[PDB]
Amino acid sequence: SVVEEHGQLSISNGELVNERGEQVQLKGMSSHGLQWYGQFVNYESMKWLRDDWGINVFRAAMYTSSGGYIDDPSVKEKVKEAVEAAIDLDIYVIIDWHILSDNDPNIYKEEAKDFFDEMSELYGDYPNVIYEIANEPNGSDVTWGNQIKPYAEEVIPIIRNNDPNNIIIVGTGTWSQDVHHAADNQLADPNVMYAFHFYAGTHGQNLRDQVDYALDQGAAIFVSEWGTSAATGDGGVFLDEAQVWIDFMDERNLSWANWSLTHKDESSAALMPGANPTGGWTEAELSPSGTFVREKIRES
């Protein structure tokens, strides 16, 4: 009864709060690309995550390029499937317009406006939905002030015409690490959060201090993607540094989604090769990363 209990989420003094104004922290999993590992996104696997891991949020990672939505728009129906399951399971859900190689969110802004118009029209009267309008803006030529903020200022109005106050997570520069620039030039909408993403393979002490700087400007931060691996999503599992970030996020009441729910042979993948796509995973079907993430959510 997560959604029944906390209901409408909003931002108050830079903090995510429930409909009674109490601080709330969401912890869950992100899918991998829906064009590749969509079979792991379904009511049964999400229910298993809710019941056995304790998740209270699920992130649907709809890549735009890399064979995603722009090339084959059918993947938007898998996002709808995930939203409907979240509604049925009474958990929160993030709709992620998962830009990456298409590094400037303006490249597909017309399609983004059409997609968010459709999703907000369909689901704008449910409290479960969180819109993430540009996963990871990246590149030296893509800045908050010149590219990202103006993009958000075109897409947010589209959403707001159908859904006036569900949370919107807006990506930041340098693969959603540059929360410092965003916090110094914040968007006007009162229910916006800025995305901050990390990988435990990178020594993170300055990045933690940067998140703190942003929080100190009154900006709300959602860690909508993080991994136990290196920044490529592979290269080793770094559980000591991941624990430091877990403790940091708890102290700052930061919500998060781990990357990712797939059996792909890479360190950040939570599942091993024989894991059933509909859940019920034994200890051996979880990777070293999945075992750790499951423990962190169960402990919460």
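Residue indices: 1-based, along the sequence shown. Under this definition, the rigid core comprises the largest set of C-alpha atoms superposing within 1.5 Å between the forms.
In terms of root mean square C-alpha deviation after superposing on the rigid core in 4 other deposited structures of this protein, the stretch standing farther out between 201-209 and 109-117 is 201-209.
The stretch that strays farther, by root mean square C-alpha distance over structures and residues in 4 other deposited structures of this protein after a rigid core fit, is 266-274, when 27-35 is set against 266-274.
Averaged over Cα atoms, the B-factor as recorded in the entry is higher for 279-287 than for the other of 279-287 and 11-19. According to the PDB record, 140-148 carries the higher mean C-alpha B-factor of the two stretches 90-98 and 140-148. In this entry, the residue among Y69, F58, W259, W256 with the greatest C-alpha B factor is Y69. Per the deposited record, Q205 carries the highest C-alpha B-factor of all listed residues (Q205, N185, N162, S176). The deposited CA B-factor of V211 belongs to the lowest third of values across its chain.
Per the PDB record, residue ranking by Cα B-factor puts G28 in the lowest third of the chain. In the PDB entry, a CA B factor belonging to the highest third of its chain's modelled residues is recorded for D189. Split the chain's modelled residues into thirds by C-alpha temperature factor. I107 is in the highest one. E121 sits in the highest third of its chain by CA B factor, as recorded in the PDB entry.
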